[PDB]
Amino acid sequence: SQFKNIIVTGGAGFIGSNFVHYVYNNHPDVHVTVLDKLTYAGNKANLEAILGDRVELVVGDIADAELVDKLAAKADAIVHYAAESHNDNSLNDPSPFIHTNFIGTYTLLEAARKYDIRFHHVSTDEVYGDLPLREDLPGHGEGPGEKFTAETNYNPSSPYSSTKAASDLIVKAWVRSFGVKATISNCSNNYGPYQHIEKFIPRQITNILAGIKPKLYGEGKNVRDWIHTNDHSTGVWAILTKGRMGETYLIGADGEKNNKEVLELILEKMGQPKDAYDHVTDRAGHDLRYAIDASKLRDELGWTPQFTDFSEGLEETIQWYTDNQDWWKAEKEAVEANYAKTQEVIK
């Protein structure tokens, strides 16, 4: 690795911790400093095993300029995962999204500019808004613009996706105006070990394990492009070390599936009746379909996803939450209670 001392913000979260583990296991010459605020989503247990001389955990806010400047001064790269990442929380209270996603990114960019160090912005495909279902597209999803590409127009639907898109925009502006050495990645829905139980797949799995019925927003026709967090990690690493400055790369593993189909699979794999779940209040402004065309990343950086078998990936994920119930058991009640405030069983 060309970078020997990197800072990984949000490294105590789901995707970020997976990345830190990836770096620890595949790039031993890299020292990692994780800067994480440890919000409801941050969990030290996600990093505990590897904390030591190679990985340090610094508890703080990415909006804390003084702290960021102290860390940035000793780093040669920043991989930025820190963010409020739940659409449902953003619709309930946008405040933290404004602070962390936009002001936080801005604070990091100024540090990167000050020390002139590499900067990789980790973002989402949600900045592009949503797409119609394949059955309603003239190209069945295979035509131009029927999937997201690096040229797709930004059109975020929620406080969450809009603040992320907003962060993406200043990153690009900092590149053009100040010459900041940044790259951006927008990837599809990640799934796998360590995902907070507030998220779709982990919520259904743990709900079942906890004797609670899974929850499906509306009829569950919405489509998401699933990718295993492990492939997201290798994608980010490829962009970080070989990406073209100022460029955006889309990360996806061509795994489109509707929520209903995913939930049924979970129920089936966990030996539960097909209708053993509840339809609940649909999400306001809910995005219909997400789909990523990762040709640029594949073709230009030689990256390829290894976990293309969703059924198998999901199987392993269900097994993980089953063998690690102590990891989430104490959060179940609060999470569901929070959802009860805005979600009710509809028809």
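From 1 onward, residues are counted along the sequence shown.
- The mean C-alpha temperature factor is higher for 296-304 when 296-304 and 50-58 are set side by side.
- Looking at mean Cα B-factors across 105-113 and 146-154, the upper value is held by 146-154.
- Within the group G139, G211, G179, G235, the record's highest C-alpha temperature factor is found at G211.
- Set against one another, the Cα B-factors of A77, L216, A82, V171 in the record reach their highest point at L216.
- Ranked within its chain, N25 lands in the middle third, by CA B factor from the PDB record.
- Per the PDB record, residue ranking by Cα B-factor puts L71 in the middle third of the chain.
- In this PDB entry, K274 carries a Cα temperature factor that places it within the highest third of its chain's modelled residues.
- Ranked against the other modelled residues of its chain, the C-alpha B-factor of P132 as given in the entry falls in the middle third.
- When the CA B factors of the chain's modelled residues are split into thirds, the value for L314 lands in the highest one.
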